[PDB]
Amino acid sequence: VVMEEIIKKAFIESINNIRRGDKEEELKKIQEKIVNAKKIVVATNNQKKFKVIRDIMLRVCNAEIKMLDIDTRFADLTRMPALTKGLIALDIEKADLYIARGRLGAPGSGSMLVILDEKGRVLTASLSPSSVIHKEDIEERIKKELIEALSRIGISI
């Protein structure tokens, strides 16, 4: 059924104080939105990071997958750069799925990879430690982030 209807029931449950965790139908919908996506925009300009994300997502959906034409480094001026990058992509690209990776919050907070639907809803996300504290090959780090973000909502790669 439609996402708006699934969310409506959840909002009502919360209003009437019977909300007890996520529902099965909610997780299937998130899975369905990701899986049945036809267009994905990855909010990055770095071609390496894009390859990894693209190669991964090509295994779970049959979608046209695109990189961002403009420099999103300016999202690092906002409080949560990763969401900002995703919303930037939402504003300049028509798509079913937006995947953005950048800093979590304040300088020093490390990185977030986030996945948004066509309305900018946060479907899933994953975090990584600061590179100051724990340096790692960025190809393996993104690979692990994407894997967690997908597996935590029931999609296994």
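In case it trips you up, residue 1 is the first one in the sequence shown, and so on.
Between the stretches 40-48 and 94-102, it is 40-48 that shows the larger average CA temperature factor. Higher average CA B factor: 21-29, of the stretches 21-29 and 5-13. Between the residues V114, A89, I53, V132, it is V132 that shows the highest Cα B-factor in the PDB record. Ranked against the other modelled residues of its chain, the C-alpha B-factor of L68 as given in the entry falls in the highest third. Looking at the C-alpha B-factors along this chain, the one for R59 belongs to the highest third.
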